[PDB]
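Here are two versions of the same chain, shown separately as structure tokens and labelled structure 1 and structure 2.
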Structure 1
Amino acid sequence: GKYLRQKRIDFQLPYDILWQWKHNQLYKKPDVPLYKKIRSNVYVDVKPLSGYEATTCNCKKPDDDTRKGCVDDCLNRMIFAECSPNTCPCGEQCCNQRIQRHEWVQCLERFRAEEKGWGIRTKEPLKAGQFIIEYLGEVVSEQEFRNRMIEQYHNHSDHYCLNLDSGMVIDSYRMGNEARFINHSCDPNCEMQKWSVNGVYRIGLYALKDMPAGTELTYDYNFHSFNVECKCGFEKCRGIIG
């Protein structure tokens, strides 16, 4: 043919370039960290069930269709659950469905940190309490993460993992999202909150304060139960992460 109706094939780089990058056998290693990007958590052998579900929050849908509902006055927000879209009385004006609606802040820029390797910044200002991005990875058990840590993962110096309370770990060594590049600060500007979305536990990043564009996203590693093995710059710096 010449003269042929092409069929949409999504672009993906060829096998050789991928194999050369993964094995550091090209003209120069690109400043690109090897991790697989996922859209949602991958339950390896455990599902992080929250233990409970949502309800109908009695929140009164505002007369003005643009005012947000369930804004810090909601029952589900008091139990860290996201409103079900077909039971929330606020309907389509519900603010308490940010995670399941995939309402990220799409102003995130990766960069090379000064003494931390990788880091993330925001190219737009962010009001306080705003939802940033979900921390994605492989939901593994305690034993499976110990397996991966002792016999598979070598770069323990920068652990790409977050912990869940029930002994489960969100391992972002192999698979995850950009949130694996968010480093630590003793005086953080963000916070990791655990929410019950459709009865499953999810972890989201939220703004602890107002911040202008260009600031680096940081959260406290001590306030989240994992560092079983620092140069942040704060005045009351804890010396080492712990």
Structure 2
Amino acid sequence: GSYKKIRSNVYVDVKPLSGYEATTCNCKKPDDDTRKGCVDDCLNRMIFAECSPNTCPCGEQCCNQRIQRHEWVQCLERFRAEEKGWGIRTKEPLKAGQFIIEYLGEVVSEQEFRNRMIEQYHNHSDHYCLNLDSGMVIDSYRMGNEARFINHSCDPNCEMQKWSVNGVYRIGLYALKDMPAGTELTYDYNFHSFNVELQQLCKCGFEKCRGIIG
């Protein structure tokens, strides 16, 4: 699979404004340099907002700015996944709830995407897209990052979380459970993949596999 690598979303014909900014939290700055801020009941984190750095009381210690500062894990690797094409796995262990990577691509309207589905994406045997917000999709058929190669599983070890970052909705991949070196990342497409009849057979090999994707 060939594609165009990007470092941040390309906004084609829509603007996915969250319609709320993040607004100053009551977290305390730890005195220890190497101790992280905004972990617990960050007001922002509470509602899935990243802190704005012009106002976080924790400055460079805030850990609620992961998407903003592109704090992706460095240990990912692409590989051939039996009966699934290509996939992604981690090289070192990951921890429950740890931020992994942003899902990137072209941010398009409901209709634009339907149009792409007709005039280009018809003949495809792999699909690369995620729902964003209210008839807007992230289309990574052409552009994205390594997140486009993460396979579906009816029993996922990762999840897509919609975040509000500086007034804009974006999607980060987060671990659901602990994972050791060599584990393939998977998430559940059903909850997130746009529904315009992209029925495909599932091969996750989960004992209770739903059998289809969508």
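We call the rigid core whatever largest set of C-alpha positions still superposes within 1.5 Å between the two forms. For residue numbers, the reference is structure 1: its sequence is counted from 1.
After superposition on the rigid core, the Cα atom of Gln106 is displaced by less than 2 Å between structure 1 and structure 2. With the core superposed, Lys123 shows a C-alpha displacement below 2 Å between structure 1 and structure 2. The Cα position of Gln143 differs by less than 2 Å between structure 1 and structure 2 after fitting on the rigid core. Note on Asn86: its Cα is shifted 1.8 Å between structure 1 and structure 2, core used for superposition. Its Cα shifted by 2.1 Å between structure 1 and structure 2, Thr66 is reported here after superposition on the rigid core. Once the two forms are overlaid on the core, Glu53 shows a Cα shift of 0.4 Å between structure 1 and structure 2.
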